[PDB]
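Participant: Just passing along the structure, written as structure tokens.
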2 protein chains.
Amino acid sequence: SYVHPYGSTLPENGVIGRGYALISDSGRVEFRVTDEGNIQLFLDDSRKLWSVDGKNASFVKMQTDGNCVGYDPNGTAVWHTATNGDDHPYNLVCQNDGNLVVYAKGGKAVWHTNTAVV
Amino acid sequence: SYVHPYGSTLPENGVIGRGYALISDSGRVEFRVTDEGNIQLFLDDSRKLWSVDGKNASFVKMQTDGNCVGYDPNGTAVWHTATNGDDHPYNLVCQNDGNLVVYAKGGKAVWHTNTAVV
Ligand SMILES: OC[C@H]1O[C@@H](O)[C@@H](O)[C@@H](O)[C@@H]1O
Ligand SMILES: OC[C@H]1O[C@@H](O)[C@@H](O)[C@@H](O)[C@@H]1O
Ligand SMILES: OC[C@H]1O[C@H](O)[C@@H](O)[C@@H](O)[C@@H]1O
Ligand SMILES: OC[C@H]1O[C@H](O)[C@@H](O)[C@@H](O)[C@@H]1O
């Protein structure tokens with residue numbers, strides 16, 4: 001199982017490493033970085049809503065530049081939301097509806113998984 | 001070896017989990033959370049300057065309340081700097097001199113390991 005250091009939300013400077021995850025308030029939706037180096041959004045520990053698999057991800061960081069980035073152990077980017085901007089604060093939120101969202105200031109969604117299935 | 005998602009410094013909302021670490025600019029001083037659940041500050045991968053061992057630590061978080069806290073996988077605190085305050089921003093810095101320091105605003109040291117050995 002995955003440890004949850006952040007509840008639902010990865011704020012600026014937040015980092016999820018292998019074995020850690022965001023978890024929805026409901027408990028049903030989990031955004032994991034796996035020991036197998038995959039970045040995966042799961043419903044009910046059963047349904048893979050969204051993933052970046054096969055790239056040896058070490059961690060995901062919600063950066064102070066607004067970009068949300070997955071890195072391998074060597075610091076090479078393996079995934080990014082391309083959300084760079086100045087509309088601070090930025091947050092990555094794992095929602096009860098299943099959607100994983102990068103919000104800019106004022107609750108402005110600037111990237112999402114498009115997986116609001118609940 | 002330990003992945004370094006933060007260089008030397010754990011800012012507010014920063015989290016180090018098992019297998020991750022802060023690293024000094026010099027490369028010589030590393031603040032690790034181990035797979036064995038220990039929180040350890042090492043010089044030259046050889047000399048344990050400071051540690052909290054035996055408590056099954058899962059992660060260390062530099063919190064937005066100013067407190068720097070080590071937690072087990074169940075969210076129980078196993079270590080804290082007791083640095084809670086309003087002098088934002090707070091940062092935990094792993095320095096080239098060997099010292100691990102919680103700084104409040106303006107570079108005010110409010111907690112340290114007292115391990116400035118280099
Ligand atoms: O796409 C990867 C890179 O994108 C850049 O704009 C920055 O956000 C970097 O921090 C990141 O590593
Ligand atoms: O000592 C443990 C606890 O201390 C409190 O003041 C807070 O900082 C908590 O977040 C923390 O878990
Ligand atoms: O487009 C993003 C938007 O999609 C849905 O409407 C919901 O998941 C919202 O919470 C989210 O902000
Ligand atoms: O007391 C904390 C203080 O100790 C030493 O003087 C150095 O390591 C400083 O960088 C640090 O701020």
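Labels used: A, B, ... for chains in the order of the structure tokens, numbers from 1 for residues in each chain, and numbers from 1 for ligands as shown.
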What lies within 12 Å of residue 48 of chain B using only C-alpha atoms, ignoring chain neighbours under 2 positions off, as a list in words?

Facilitator: residues 28, 29, 30, 31, 32, 38, 39, 40, 41, 42, 43, 44, 45, 46, 50, 51, 52, 53, 98, 113, 115 and 117 of chain B

Participant: What do you get as a list in words if you pick all residues at most 12 Å from ligand 2, counting only C-alpha atoms and all ligand atoms?

Facilitator: residues 5 and 6 of chain A; 13, 59, 60, 61, 62, 63, 64, 65, 66, 67, 68, 69, 70, 71, 72, 74, 75, 76, 77, 78, 79, 80, 81, 82, 83, 84 and 85 of chain B

Participant: What are the residues of chain A that have an atom within 7 Å of an atom of chain B, counting only C-alpha atoms, as a PyMOL selection string?

Facilitator: chain A and resi 3+11+13-15+17+73

Participant: Set the cut-off to 10 Å, count only C-alpha atoms and all ligand atoms, and list whatever residues fall near ligand 3 as JSON, numbers by chain.

Facilitator: {"A": [93, 94, 95, 96, 97, 98, 99, 100, 101, 102, 103, 107, 108, 109, 110, 111, 112, 113, 114, 115, 116, 117, 118]}

Participant: Let's have the selection written as a short mmCIF file (atom, residue, chain, number, x, y, z; two decimals), in the first residue's frame, with N, CA, C and O atoms.

Facilitator:
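part-v3.cif, freshly written:
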data_model
loop_
_atom_site.label_atom_id
_atom_site.label_comp_id
_atom_site.auth_asym_id
_atom_site.auth_seq_id
_atom_site.Cartn_x
_atom_site.Cartn_y
_atom_site.Cartn_z
N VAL A 93 -4.46 18.21 -7.81
CA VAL A 93 -5.46 17.68 -6.92
C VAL A 93 -6.05 16.36 -7.45
O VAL A 93 -6.53 16.27 -8.62
N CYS A 94 -6.10 15.37 -6.56
CA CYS A 94 -6.66 14.04 -6.85
C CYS A 94 -8.08 14.07 -6.28
O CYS A 94 -8.26 14.00 -5.05
N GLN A 95 -9.08 14.17 -7.19
CA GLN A 95 -10.45 14.48 -6.74
C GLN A 95 -11.32 13.22 -6.59
O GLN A 95 -11.05 12.18 -7.23
N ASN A 96 -12.36 13.35 -5.76
CA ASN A 96 -13.33 12.29 -5.58
C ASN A 96 -14.05 11.90 -6.89
O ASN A 96 -14.37 10.73 -7.06
N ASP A 97 -14.10 12.82 -7.85
CA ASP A 97 -14.80 12.50 -9.11
C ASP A 97 -13.95 11.67 -10.06
O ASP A 97 -14.48 11.20 -11.11
N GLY A 98 -12.65 11.50 -9.67
CA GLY A 98 -11.77 10.66 -10.45
C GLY A 98 -10.78 11.46 -11.28
O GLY A 98 -9.84 10.91 -11.88
N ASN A 99 -11.06 12.74 -11.39
CA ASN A 99 -10.24 13.62 -12.20
C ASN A 99 -8.99 14.02 -11.39
O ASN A 99 -9.09 14.28 -10.18
N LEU A 100 -7.87 14.11 -12.11
CA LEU A 100 -6.59 14.59 -11.50
C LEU A 100 -6.36 15.90 -12.25
O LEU A 100 -6.26 15.93 -13.50
N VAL A 101 -6.22 16.99 -11.49
CA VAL A 101 -6.27 18.32 -12.02
C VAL A 101 -5.10 19.19 -11.52
O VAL A 101 -4.85 19.24 -10.31
N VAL A 102 -4.45 19.91 -12.45
CA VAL A 102 -3.53 21.02 -12.08
C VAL A 102 -4.35 22.29 -12.10
O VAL A 102 -4.91 22.68 -13.15
N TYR A 103 -4.54 22.86 -10.92
CA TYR A 103 -5.20 24.13 -10.72
C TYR A 103 -4.19 25.26 -10.58
O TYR A 103 -3.21 25.15 -9.80
N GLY A 107 -8.66 28.47 -8.47
CA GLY A 107 -9.31 27.24 -8.91
C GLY A 107 -9.49 27.12 -10.41
O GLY A 107 -10.34 26.38 -10.85
N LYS A 108 -8.57 27.69 -11.18
CA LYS A 108 -8.56 27.59 -12.64
C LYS A 108 -7.87 26.31 -13.09
O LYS A 108 -6.66 26.16 -12.86
N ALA A 109 -8.64 25.36 -13.67
CA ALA A 109 -8.07 24.12 -14.13
C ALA A 109 -7.28 24.44 -15.38
O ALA A 109 -7.85 24.99 -16.34
N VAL A 110 -5.98 24.13 -15.38
CA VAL A 110 -5.13 24.32 -16.56
C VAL A 110 -4.61 23.02 -17.19
O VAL A 110 -3.98 23.02 -18.25
N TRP A 111 -4.90 21.90 -16.54
CA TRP A 111 -4.60 20.58 -17.06
C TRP A 111 -5.41 19.56 -16.26
O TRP A 111 -5.72 19.74 -15.07
N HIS A 112 -5.86 18.52 -16.94
CA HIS A 112 -6.54 17.45 -16.26
C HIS A 112 -6.39 16.14 -17.01
O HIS A 112 -6.12 16.10 -18.24
N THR A 113 -6.63 15.06 -16.27
CA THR A 113 -6.60 13.74 -16.87
C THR A 113 -7.85 13.46 -17.73
O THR A 113 -7.86 12.49 -18.48
N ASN A 114 -8.93 14.20 -17.48
CA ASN A 114 -10.23 13.95 -18.13
C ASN A 114 -10.67 12.55 -17.74
O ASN A 114 -11.19 11.83 -18.60
N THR A 115 -10.80 12.32 -16.44
CA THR A 115 -11.18 11.02 -15.90
C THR A 115 -12.14 11.23 -14.72
O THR A 115 -12.15 10.43 -13.75
N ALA A 116 -13.05 12.22 -14.89
CA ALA A 116 -14.13 12.50 -13.92
C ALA A 116 -15.29 11.50 -14.13
O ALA A 116 -16.39 11.84 -14.63
N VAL A 117 -15.04 10.26 -13.72
CA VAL A 117 -15.92 9.13 -13.99
C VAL A 117 -16.89 8.85 -12.88
O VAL A 117 -17.86 8.19 -13.13
N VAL A 118 -16.69 9.39 -11.67
CA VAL A 118 -17.62 9.17 -10.55
C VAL A 118 -18.64 10.30 -10.52
O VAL A 118 -18.33 11.35 -9.96
#

Participant: Report the distance between atom CA of residue 56 of chain B and atom 3 (C, counted along the ligand's line) of ligand 4 in Å, rounded to one decimal place.

Facilitator: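 So the two atoms, atom CA of residue 56 of chain B and atom 3 (C, counted along the ligand's line) of ligand 4, lie 28.7 Å apart.
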
Participant: Which value, in Å to one decimal, gives the distance between atom CA of residue 25 of chain B and atom CA of residue 89 of chain B?

Facilitator: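 Computing the Euclidean distance for atom CA of residue 25 of chain B and atom CA of residue 89 of chain B yields 21.0 Å.
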
Participant: Grab the atom CA of residue 26 of chain B to atom CA of residue 105 of chain B distance for me, in Å with one decimal place.

Facilitator: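 These atoms are spaced 24.3 Å apart.
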
Participant: Go through segment 33-116 of chain A and collect every residue that DSSP, computed from the backbone, puts in strand (DSSP E or B); the answer should be as a ChimeraX atom specification.

Facilitator: /A:33,39-43,47-52,59-62,68-71,77-80,91-94,100-104,108-112
